[PDB]
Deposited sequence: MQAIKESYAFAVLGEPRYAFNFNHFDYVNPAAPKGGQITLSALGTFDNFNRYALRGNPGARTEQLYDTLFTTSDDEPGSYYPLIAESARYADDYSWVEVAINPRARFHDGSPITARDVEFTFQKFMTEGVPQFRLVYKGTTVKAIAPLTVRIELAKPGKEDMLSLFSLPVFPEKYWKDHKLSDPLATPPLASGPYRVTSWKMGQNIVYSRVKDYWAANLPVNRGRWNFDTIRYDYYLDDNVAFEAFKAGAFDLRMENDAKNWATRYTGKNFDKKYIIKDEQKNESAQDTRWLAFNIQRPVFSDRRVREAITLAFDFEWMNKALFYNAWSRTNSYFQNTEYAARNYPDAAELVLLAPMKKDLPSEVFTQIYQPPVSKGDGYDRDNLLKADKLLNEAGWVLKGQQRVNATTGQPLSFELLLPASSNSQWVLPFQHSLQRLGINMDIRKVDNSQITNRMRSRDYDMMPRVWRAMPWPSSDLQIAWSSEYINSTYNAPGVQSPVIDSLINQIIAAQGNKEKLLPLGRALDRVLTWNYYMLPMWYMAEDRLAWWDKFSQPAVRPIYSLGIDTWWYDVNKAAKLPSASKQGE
């Protein structure tokens, strides 16, 4: 009924004698600069607006009530809050605010700021917030006590409010949450924006009198005096600037770079680990609201034309693994046949499900790697004909109208897109025309949010358990959240996610629910699976030291520090 730490599933790892995380050096020295790259551009400082392209790190301008550890899927520890009292079912919580908590101007962070902040999101925030927290109230019941009440049980929904940025009312009463900010807002975190050039760079400086520098959660972190982001229009120019020493650290997402271009003794450290944790996955989203992709058979046939084995062997040094789950590399992935609990959940909806949900394990198409896979292309032709798209001349045309089968692939100019022309060529050999349109970072963001595309690449970020966030990306009423990439409004999806959001905090029930959802999402071919790898490929100039232990769920760069003895050996 009163705790200092929370976890959505199970018990917090740091529930007892919590002085600092396992993955930090508590004695880490302060000072020095780390310079990072970002791709594309930015035009404002408000991560929470309805429009705009927010600057790098602008989702970390503010401290929150509790903050998550990085070696656990979802555990929360004191930051602005000291502790909380709560009901058994987590449907109400009273949070005690640290009386030392301060904004950057030295003014106190109070319960009224938290109440103001919740109402600000409810009335001027992204439209999914007021949908998720409809019926929730957040009330300052004392100068430093805030009471949160949910209209229905939602342990995760409660805990996720602990991650809300806490806004200073004295600043935000004069700015709509929905408007971009040309200038950084009054904030509170361990780093403050101190200079910038719109579209080019942002410099963060360490707040040397940060009120919380010595909380267990912050010990050994936030060590650099400044963090600089420099923007680059494409990744190849960024990679060449890295090797020239223009910034300090690179996460290598390109197989060819890693295989062939980390050359020149090279002083730069190269590091390949391996994360056994939940994985980000790449997909190509079918906009199923447009006629070209409304037939599941057409989406299946176009998926068959994507020859991953050829690409992996001929282009990518066999580095990649095929995406095949929305819960990739977790126990929630549907990699076995449905068990009895799953069939109880799925059989009621048998007539609105592909039959393969019950009889097969989902397997993205496999080719020989030779190119020109006969079996897969013949099957795509067979499916296209059945859906009414037939060859006249070289071009596939609708059987009744004669309209060509054609669509636009929308692409960020900034990415390496070696796979694109091989895919275009495969589709052309089926009589399908795919136009390629590369656009700038602000165009990509705007059109991705509005779903103004036929197809575009989308990253499905790691999801270690079936979180209530699933409804924002998949459920019918959240269709305009900007996270529903295919545009799907399905009562099958809705029913399974309604069950998932009613099983928050309950692993026993989420286990068959997540697998069941995985089957529905994969077997309907809403998106075309690309690839991932369970390796972190990193390189950095040798000016840093690191704790002995790396956190499970991030790279832990915020635990690194500037090593004056290593830096001294560099030019």
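Which ranges of the deposited chain go unmodelled, in order along the sequence?
No C-alpha coordinates exist for 1-4, 269, 272-274, 580-586.
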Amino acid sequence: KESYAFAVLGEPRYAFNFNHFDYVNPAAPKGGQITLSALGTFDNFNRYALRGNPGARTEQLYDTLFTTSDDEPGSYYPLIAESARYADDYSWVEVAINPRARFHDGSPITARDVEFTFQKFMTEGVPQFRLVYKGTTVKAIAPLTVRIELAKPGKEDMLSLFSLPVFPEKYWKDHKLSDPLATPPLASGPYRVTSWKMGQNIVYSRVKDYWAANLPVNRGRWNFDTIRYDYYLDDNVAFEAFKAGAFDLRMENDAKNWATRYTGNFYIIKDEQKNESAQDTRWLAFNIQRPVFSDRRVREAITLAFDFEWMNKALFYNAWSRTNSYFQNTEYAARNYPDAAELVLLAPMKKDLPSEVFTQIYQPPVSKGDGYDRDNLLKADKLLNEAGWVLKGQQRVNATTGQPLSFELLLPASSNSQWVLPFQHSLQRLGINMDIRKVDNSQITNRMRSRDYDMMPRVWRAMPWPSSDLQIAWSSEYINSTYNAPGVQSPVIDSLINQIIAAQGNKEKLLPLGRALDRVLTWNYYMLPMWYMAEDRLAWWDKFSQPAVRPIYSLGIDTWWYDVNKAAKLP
From here on, numbers count along this sequence of modelled residues.
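When the Cα temperature factors in the entry are averaged, is it 56-64 or 502-510 that ends up higher?
Higher of the two, by average CA B-factor, is 502-510.
483-491 or 364-372, whichever carries the higher mean Cα B-factor
Between 483-491 and 364-372, it is 364-372 that shows the higher mean C-alpha B-factor.
Highest CA temperature factor in the entry: which of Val298, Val166, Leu144, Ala341?
Largest recorded C-alpha B-factor: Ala341.
Quick one: which of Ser414, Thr110, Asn385, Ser188 has the biggest Cα B-factor according to the entry?
Result of the comparison over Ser414, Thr110, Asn385, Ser188: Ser414.
According to the PDB entry, is the CA B factor of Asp558 in the bottom, middle or top third of its chain, that is, lowest, middle or highest?
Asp558: CA B-factor falls in the lowest third of its chain.
Select lowest, middle or highest to describe the third in which the CA B-factor of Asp440 falls within its chain in this entry.
It belongs to the highest third of the chain when residues are ordered by C-alpha B-factor.
Sort the modelled residues of this chain by their C-alpha B factor and say whether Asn236 lands in the lowest, middle or highest third.
Its C-alpha B-factor belongs to the highest third of this chain's values.
Lowest, middle or highest third: where is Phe423 by C-alpha B factor in its chain?
It falls in the bottom third of the chain.
Which third of the chain does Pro464 land in by C-alpha B-factor: lowest, middle or highest?
For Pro464, the deposited C-alpha B-factor lands in the highest third.
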